[PDB]
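# once you've seen the sequence and the experimental structure below, I've got questions.
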Amino acid sequence: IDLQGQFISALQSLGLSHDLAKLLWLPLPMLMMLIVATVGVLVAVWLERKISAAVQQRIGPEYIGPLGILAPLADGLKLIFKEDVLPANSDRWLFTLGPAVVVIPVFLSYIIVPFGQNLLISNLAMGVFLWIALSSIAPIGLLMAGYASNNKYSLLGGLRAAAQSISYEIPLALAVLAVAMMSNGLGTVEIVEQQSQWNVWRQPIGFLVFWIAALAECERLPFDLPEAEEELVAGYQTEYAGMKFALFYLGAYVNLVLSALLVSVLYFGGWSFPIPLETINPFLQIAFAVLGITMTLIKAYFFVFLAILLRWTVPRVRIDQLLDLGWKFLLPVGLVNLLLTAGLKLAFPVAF
Amino acid sequence: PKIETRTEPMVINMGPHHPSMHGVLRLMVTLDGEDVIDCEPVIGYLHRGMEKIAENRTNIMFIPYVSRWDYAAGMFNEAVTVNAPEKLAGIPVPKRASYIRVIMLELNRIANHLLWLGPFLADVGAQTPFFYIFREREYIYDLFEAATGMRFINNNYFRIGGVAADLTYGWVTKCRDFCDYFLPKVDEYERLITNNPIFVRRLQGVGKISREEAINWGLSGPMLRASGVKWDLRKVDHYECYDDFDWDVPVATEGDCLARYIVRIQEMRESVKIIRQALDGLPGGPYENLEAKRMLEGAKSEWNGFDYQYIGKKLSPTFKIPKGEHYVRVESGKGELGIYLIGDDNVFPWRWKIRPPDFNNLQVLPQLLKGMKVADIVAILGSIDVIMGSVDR
Amino acid sequence: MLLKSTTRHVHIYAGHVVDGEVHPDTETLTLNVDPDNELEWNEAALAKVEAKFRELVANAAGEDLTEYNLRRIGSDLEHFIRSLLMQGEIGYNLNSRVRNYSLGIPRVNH
Amino acid sequence: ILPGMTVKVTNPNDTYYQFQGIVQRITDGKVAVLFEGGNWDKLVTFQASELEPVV
Amino acid sequence: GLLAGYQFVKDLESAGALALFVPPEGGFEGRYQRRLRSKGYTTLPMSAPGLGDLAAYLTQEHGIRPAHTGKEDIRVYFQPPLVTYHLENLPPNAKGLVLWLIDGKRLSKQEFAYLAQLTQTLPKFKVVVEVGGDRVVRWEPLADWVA
Amino acid sequence: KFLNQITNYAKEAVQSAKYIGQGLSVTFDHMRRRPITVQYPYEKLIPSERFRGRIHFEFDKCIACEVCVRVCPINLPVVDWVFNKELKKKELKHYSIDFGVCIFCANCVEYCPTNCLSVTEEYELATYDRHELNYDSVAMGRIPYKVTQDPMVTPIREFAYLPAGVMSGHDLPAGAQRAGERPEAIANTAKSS
Amino acid sequence: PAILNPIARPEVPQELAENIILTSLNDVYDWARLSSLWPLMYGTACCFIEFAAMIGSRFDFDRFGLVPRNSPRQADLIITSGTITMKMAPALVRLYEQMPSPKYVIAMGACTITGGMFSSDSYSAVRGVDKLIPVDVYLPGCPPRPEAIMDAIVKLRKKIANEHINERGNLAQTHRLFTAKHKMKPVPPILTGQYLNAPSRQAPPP
Ligand code: SF4
Ligand code: SF4
Ligand code: SF4
């Protein structure tokens, strides 16, 4: 229904300087994506907390609210209410700036996830490449948290956070190059409007590549070494007490949600009940919008579910067993996939 | 704020506050670039003074202390503290109370191996088996709470002349149900682990001792038996109700964490093979049939004789243990517990001593870390079934 | 590195508090009587504690700087505080915090 | 029911079914049965309706 | 409910002895204790499973005999009453001294009646008892709930 | 030399994926099995016929034998007597146990001849202060709790009190009994054929 | 010498608040810090094994919001679990004090509120953790039923609700501190590495 048009025209009817009107529509989706991001964090926390109890014949929170619905609310409000402590020789500027640096770009990368056509913020012609770029800023914040702490116990485990995050960006890049072949570019709308009746069937290998490189962004118990609670307590996090630890926590879960939404838009699509949709008009547009949003969230939820379900199925790996995936299983296979897709697009340019 | 790197080996502290279960233990470890040269293990954080408390406390007064050495299994040591003065006085023990002793003590062995298994896997990644053992090890808690009062530890079920209290009515067939429910699940663990590559690649060949190098250092338990040594005090010492059952003492030879794991996991099946074979042979069977057959005719019959009673003459708190020293021992999960008892003439002993297996087994922590890594330490430390409570003497 | 004796309401160190750090110097022996406010202190009894500490370090100490010795000093201070708290100079705080009677419950001295 | 009087339990919905025990104390309708048996003497409060004053 | 004023304080000042039927989670009752402290009342919970005759520990002076462990042969302490000592150690602007009991189920009818009758005598003193129960925090006078 | 390396590589990959999917299916199977959780405050668990919780005490049956102190590992219970002079009787003037020190070995219960001193199923002891655990003679009898008679509890039996073959104690008939016959029933059965 | 160990009779009493918009927000504040207590995995003895069984699936404590946390700084609670010898006590005060200020304590067991069985004839046990830190809830019993720990947490949760927001002045430390020069001849640390690299392990003497 082009809500931008009516918002600007109704607001341009009582004046308000039409350029200013186009300026004043900016913050609405820019904060709506923050709303759904925070909600996705709350949902991811509650989901992990209840499914990690289902796996174990356990029952998660039910005394917080009805079903633990208000558990991360309690967590966040507490961590606001907690004291913050700045240890003895730690720096004052870098300590309270590390978590901001590792948290910000994950939010900033929500300017590309569609949720529906013309239902996103500012489709960039670069798109996913900007995500691959902004994701490489996190190790700076992690090394900042390591250096800005007298805790050798922390820095010894903050360098290995800039060893895996600096290792699973190359195949993460190659698996999306393999999609940039097909889709005439890099914009998400172009990656997905190429699906009108999915890339997973034609990228059976790059799926594993992207999906192993996304889980291994210092997130999950298959690796999550920099928070290896048993190996060395909380790594770089153990001196962060109040809302700063909440920033780290938030950042992990919101990055997981972003990975799920991004696998959805890349390989499956944030539309397309798998029949060739649009074969069957504002009252119909508001229906297909809801349908596309719903199916997007279905696939994102399935990937969040599988991701949390590996956390309780897959014991961790030291650091050498880890880095012998990168450069020895993900990078050669990503190169092979790239060359394969290139050769097939050269021979069979149809279907790509 | 920073730390001023230098070309020297780094010293780090794995302090009392472990994020784990393996007691409270220091390991001042020095490394050469994510290696390990050696480490000074500063144990001592749990010395509360047993061996001098045991000199103003008679037997029945001291027996609840005894179950705090091995916090996991508080009957491999109640049994020893029973057997120590029991041999000097030469008090005959019946077959019923001794079969009960065998059953409960071997059930505690099962519990001990489960509590080894849990944190062994938590320190080596996932936490789910920690939740699958307290889903299963919690049933023998209910068994004990039925027979004795409290659960793992503090039962104080054993006594000098035998056993304190005859069993409950519905204990035996329910223990059979547990015995039958267990074997399908030690296999489900081996479905979830023992071939998962991310697990077995973590502890392929870390740690190793030769046969005769594991005998200087005296690694009395499965560590000594996980290096090619058929030796268990249940068989070589002819512990009380043995040679009456079938036997298959497990042995591995690699000496590494697999050689310990396979031994423990086969032992926790051989134990059930003993238990199922004991319940079918009691002097009296279940207490239901026993008491019924007694009251039916046996106010004098042979179903009220000494060998069918759960204890001989019940003693006073003035038993007055006789003179003469000796060393008793028992093969528990961690290995050989031992007590060097002396006695002079009175209720209070003279130099109560504990010889725990964990102490000698934990001597060789650093040799096993003779240049391995920083992150494969817990895999080795989790191999011994270290219980720092058993290092308070 | 530090060598401290941390009981309840007596914390002794071996450095000099500059602003909140400690900076072990090997000769300053700070003290931190009752940080958690289990007791309500006056100006006199607290000076008596101070003087006890001064005439307990200097008057009887000429041996090594182990934690054993500082722990012994802390024990003597924590018994001196019993004495002050029984005789009735100082008393418990009564505030709506924990109110756990670590030293003793109130008697009447019959 | 009154003190000092041995009783037994008539309640299939109770783990203490068909145990004989001596009454110890009675306050406010609920009576403390004492099960002299085994080794450790156990003490439990039952309602007067769950019981049966056996001889 | 999700928000409640100060009618609990009026009910308590009126009746003298209430009985809370809070849930077995202990998360939604301390706020009313706060509402009492927000007026001037001062609290002391002392966990009834541990109180004796309740005429010797509240009104009169009683003898506590601590734990000897072979050492330090039997000795008394004679702690003073719980209700004529804290009631005199009040601040100046003190409205009264409420009394909280966490586990009231373990006590009996007789001492419920005694605590109720003790509100009228010894004026600046009120009582509350957390007899666990209902899934919504409701209360009732303690003269009621008995006879 | 080189092809065999790639085949072994792919074989290791496939075996790893298979052994991961195995645990995947296992954990996805555990999330239909009913929770064995015991939702305690509303779904409390019933103690056994020998659990050792709080100690009981009668004032009328004691005769001041001092066995309780002479048998406790730490000589805990505070018996206080005065020996009135009618002929010989020790008059019991006070009796307490500090349950912040007591170990619940119940040897006290074991050697009391008068059946005065018993164990109760109270495991819900806790205070904001440890000088309240020192229970007096009139605060040790005190008529225990009896979990089942609680309007807001769904009691559960434990593994020794469930019918034969049964393992959990959650969704049970309202007539279940332990395992087998009592000896009285067996005797009256053998007597009647 | 008339009432020993006395109470102090305070003045300027507390100046509490009374408006509704603040006390409802106080209820939310307390509810939030209440229903998400994050313990510290602090184990020393079988009380920790009962705490581990409390983690388990026969009865968890994940509900009413408890996450076993590994570091003190993120934590909110030390369920003191085991005996406190005289060689680990500073390793407990340095865990308690090295933690954010709105923090609570539970003392499970009898070996850590009076020393329990080791309250007599022992020479290395601390006879009560209440003389190391401010215990907030006591529960007795060597190994207690771990569902009794949840009774203690119920009893602790109905004490977090008993707090007020304009009353955080009773939450800091006053630091009544001094200095004293001395002469006690410092000795070298004999506690280092050097367990196998020491010359005496690679050296049968003459
Ligand atoms: S053992 Fe029994 S009779 Fe003897 S003092 Fe104790 S309670 Fe009294
Ligand atoms: S349970 Fe043990 S410690 Fe407690 S009073 Fe009885 S004998 Fe003494
Ligand atoms: S109180 Fe009991 S369970 Fe706790 S450490 Fe002491 S003996 Fe072990």
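All right, it came through fine. Residues are numbered from 1 along each chain as shown, chains lettered A, B, ... in the order given. Ligands and ions are numbered 1, 2, ... in the order given.

# write out the residues of the stretch 51-200 of chain B neighbouring chain G.
Proximity of the stretch 51-200 of chain B to chain G is confined to B:52-53, B:56-57, B:64-65, B:68, B:71-72, B:115, B:118, B:130-131, B:134-135, B:138, B:141, B:150-154 under the rule Cβ under 8 Å from any Cβ of the partner chain. (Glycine included, C-beta is placed from N, CA and C.)

# which among the residues you listed count as buried?
Buried positions within those, assessed by neighbour count (16 or more other Cβ atoms under 10 Å in any protein chain shown), are B:53, B:57, B:64-65, B:68, B:71-72, B:115, B:118, B:130-131, B:134-135, B:138, B:141, B:150-154.

# return the subset of those lying in strands.
Taking DSSP state E, every one of those sits outside strands.

# what is the burial count for the residue of chain A found nearest ligand 1?
In chain A, no residue comes nearer to ligand 1 than residue A:63, which is 41.3 Å away by Cβ to the nearest ligand atom. By the measure other Cβ atoms under 10 Å in any protein chain shown, the count of residues near residue A:63 is 19.

# pretty sure it contacts residue E:25?
Yes: the pair residue A:63 / residue E:25 is scored as a contact, 5.6 Å apart, by Cβ atoms under 8 Å.

# rewinding a little: so which of the residues of the stretch 51-200 of chain B next to chain G also contact chain E?
residue B:56.

# next step: the residues of the stretch 51-200 of chain B next to chain G restricted to helices.
In helices, judged by DSSP state H, the following of these are found: B:52-53, B:64-65, B:115, B:118, B:130-131, B:138, B:141.

# and those as a markdown table, adding distance to chain A?
What follows is these, written out as a markdown table (distance: Cβ to the nearest Cβ, whole Å):
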| residue | distance to chain A |
| --- | --- |
| B:52 | 36 |
| B:53 | 34 |
| B:64 | 33 |
| B:65 | 32 |
| B:115 | 16 |
| B:118 | 12 |
| B:130 | 9 |
| B:131 | 4 |
| B:138 | 11 |
| B:141 | 16 |
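
# which of those residues sits closest to residue C:38?
Nearest to residue C:38 among those, counting by Cβ to Cβ, is residue B:53 at 30.8 Å.

# against residue B:194, how distant is the closest one?
Remark: distance between residue B:53 and residue B:194 (Cβ to Cβ, to the nearest Å) = 43 Å.

# before we move on, what about residue B:87?
Counting by Cβ to Cβ, the gap from residue B:87 to residue B:194 is 41 Å.

# where does the closest residue to residue G:166 other than its chain neighbours sit: helix, strand or coil?
Once flanking residues are discounted, residue G:166 sits nearest to residue G:17: 5.4 Å by Cβ to Cβ, 6 or more residues apart in numbering or on different chains. When classified by DSSP: H, G, I helix; E, B strand; the rest coil, residue G:17 comes out as coil.

# same check on residue A:168?
Residue A:168 - assigned by three-state DSSP - is coil.

# for it, which non-adjacent residue is spatially closest?
Nearest one to residue A:168, counting by Cβ to Cβ, 6+ apart, is residue A:213 at 4.1 Å.

# could you do residue G:179 as well?
Using Cβ to Cβ, 6+ apart, the closest residue to residue G:179 is residue C:28 (5.2 Å).

# count the residues that sit near that neighbour.
Around residue C:28 there are 18 residues (other Cβ under 10 Å).

# ok, it touching residue C:22?
No: if you go by Cβ under 8 Å, residue C:28 and residue C:22 don't touch, sitting 9.2 Å apart.

# between the two, which contacts overlap?
Applying Cβ atoms under 8 Å, 6 or more residues apart in numbering or on different chains, one finds that residue C:28 and residue C:22 are jointly contacted by C:15-16.

# what segments of chain E are strands?
E:17-20, E:100-101, E:127-130.

# residue of chain C nearest ligand 2, please.
Counting by Cβ to the nearest ligand atom, chain C gets nearest ligand 2 through residue C:105, at 21.7 Å.
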